[PDB]
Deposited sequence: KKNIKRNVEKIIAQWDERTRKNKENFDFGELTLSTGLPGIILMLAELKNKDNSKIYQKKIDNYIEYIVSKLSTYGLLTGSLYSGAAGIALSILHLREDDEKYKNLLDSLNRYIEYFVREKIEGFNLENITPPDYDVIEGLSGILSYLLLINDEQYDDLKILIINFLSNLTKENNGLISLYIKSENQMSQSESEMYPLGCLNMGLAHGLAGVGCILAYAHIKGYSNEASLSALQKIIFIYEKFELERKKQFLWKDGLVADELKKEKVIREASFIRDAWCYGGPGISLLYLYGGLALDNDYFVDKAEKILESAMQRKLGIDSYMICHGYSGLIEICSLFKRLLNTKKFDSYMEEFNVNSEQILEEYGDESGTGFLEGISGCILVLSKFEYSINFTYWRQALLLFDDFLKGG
């Protein structure tokens, strides 16, 4: 289909215009890091020449924005880790990429080490630890670096996350007080606060990165116990019978302190960020890292269930849309050689032309919610060799069974 080409071309036009006119532009979420990945993934196509040029332009632009306004964050989705991920594949092509990457890496270590030092536990909020803004996301990038000089950093973060699964105010740790919720409306959903149970912002994300850390060579008894405790909490608060393979977004103090779910949710959905699809990654990675066939078998059922149901799905975006679910299924097939999701993947690719044309102008061009995320997904069905590490940003680990 020649429609990816037209669409890409118009994304380049918008970004060529912007790159001679905002914090947002430098983020993986909505900005150039995402556009760089999308374009870099299209190398086999005829216009890779032009694409590498735009990529190099957009990198130029990024470094002069950094060397003027600096960086405030090391985060995967808003900061240095996402900028570094978007160009990691380019490292050995020229020293300009290597130098820039080394700068990003020193900044990250500085930033992480500084964030851990100043951390106040009874002010814990998801951007502290999570995938989008916190350490889990940062570690996801760092584990791609083999240079042994980041070992202490890796374990510093691993211990820190593990420690957050310990009991506190009686029992607690990763529990978020109501005033510590990310948004006004969330403070109001959870007047007594909660344990966030999503991949993007909650316990599943922390669990995944610890399983992935283990298989990359980075674990101890404390982290393996943390992983275990997390999967144990997922096994415990799983909803029942007809709501089987479902979890609420958050568990509240008393639910936790009585070990049974009490009040029922208003809105559960099937997303990468919250719900079954994301949660299946925890079971998959726990299962594989812990050598537990039950966990692995179950991850499959959790995802299979979500694909059948598509709860709250009304777009093709990555974060909480159908492209997200589809990409998680593609990972299962890569790691397990399962055929369980083959019809869902087939159907999506059959429908591709329509997906792009009806994609809103409304959610922008960016990775996490915009059309370029969707183009990444489509592009790797068409040509499955990944030139980039984009999937790392979603905790989709193609190297999970490659060793250390």
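- Residues of the deposited sequence lacking C-alpha coordinates, numbered from 1, fall in the single stretch 22-26.
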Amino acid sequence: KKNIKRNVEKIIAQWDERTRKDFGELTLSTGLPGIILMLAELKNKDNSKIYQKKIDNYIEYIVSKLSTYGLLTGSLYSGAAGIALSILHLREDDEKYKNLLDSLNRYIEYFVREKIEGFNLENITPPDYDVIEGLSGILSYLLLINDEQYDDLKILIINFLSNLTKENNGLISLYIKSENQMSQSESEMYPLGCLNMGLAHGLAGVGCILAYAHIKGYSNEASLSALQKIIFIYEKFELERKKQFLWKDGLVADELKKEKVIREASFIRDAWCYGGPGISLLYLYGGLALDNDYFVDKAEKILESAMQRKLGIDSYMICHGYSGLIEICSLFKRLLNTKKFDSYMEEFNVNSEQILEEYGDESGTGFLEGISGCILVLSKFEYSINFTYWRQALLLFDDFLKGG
From here on, numbers count along this sequence of modelled residues.
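- Legend: mean Cα B-factor per stretch from the PDB entry, 349-357 versus 24-32; the higher mean is in 349-357.
- Checked against the record, the higher mean CA B factor of 116-124 and 317-325 lies with 116-124.
- Set against one another, the Cα B-factors of 168, 136, 75, 86 in the record reach their highest point at 168.
- Taking only the listed residues 263, 201, 333, 106, the entry reports the highest CA temperature factor at 263.
- For residue 67, the recorded CA temperature factor ranks within the highest third of the chain's modelled residues.
- Among the modelled residues of its chain, residue 191 has a C-alpha B-factor that falls in the highest third, as given in the PDB entry.
- When all modelled residues of the chain are sorted by CA temperature factor, residue 37 is found within the lowest third.
- Ranked within its chain, residue 309 lands in the middle third, by CA B factor from the PDB record.
- Among the modelled residues of its chain, residue 80 has a C-alpha B-factor that falls in the lowest third according to the deposited record.
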